[PDB]
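Below is one structure, written out as structure tokens, with a few remarks after it.
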């Protein structure tokens, strides 16, 4: 509360560490569905159904331009990518399976790096 603060958790490396995690996600062999924004002109249904599209290139641009206020808003965008994928793709599709695999990959890096 006013003039009463919990001890300061050191966030000075968070930008660098999120950038490293994102590089590892970018270079994963199953990242291909997620590298670029879904083309809203060429994929019927996507625009109407997926209210907040997100992809790795958009996260990378946001990360590089100071648009994440903290490491949690970064994780929310990463999870959005996989939540969108699960909304639109059958679990037993190449893209659906990619999204499950990547989510697992991310969440392990996240816990290992920060928790």
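In PDB author numbering, the protein residues as written are 1856 to 1970. Every residue gets a Cβ at the ideal spot worked out from N, C-alpha and C, and that includes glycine.
- Taking the Cβ atoms as the reference, residue 1910 lies roughly 14 angstroms from residue 1929, outside the contact range of under 8 angstroms.
- By the Cβ test, the segment 1930-1948 is in contact with the segment 1910-1919, since at least three Cβ pairs between them sit closer than 8 angstroms.
- Counting of Cβ neighbours within 10 angstroms places residue 1857 among the exposed residues, the total staying below 16.
- Distances from the CA of residue 1875 to each of 1941, 1949 and 1919 were compared; the closest alpha carbon is that of 1919.
- Straight-line spacing of the CA atoms in residue 1884 and residue 1954 works out to 12 angstroms.
- The three-state secondary structure of residue 1955, taken from DSSP, is helix.
- Its chain contains 1950 and 1951 as the residues whose beta carbon lies nearer than 6 angstroms to that of residue 1944, once the 5 sequence neighbours on both sides are disregarded; these appear in chain order.
- With a threshold of 16 other beta carbon atoms within 10 Å, residue 1877 meets it and is buried.
- Spanning the alpha carbons of residue 1897 and residue 1908 requires a straight line of approximately 14 angstroms.
- Spanning the alpha carbons of residue 1946 and residue 1968 requires a straight line of approximately 28 angstroms.
- The alpha carbon of residue 1927 has as its nearest neighbour, out of 1887, 1892 and 1970, the alpha carbon of 1970.
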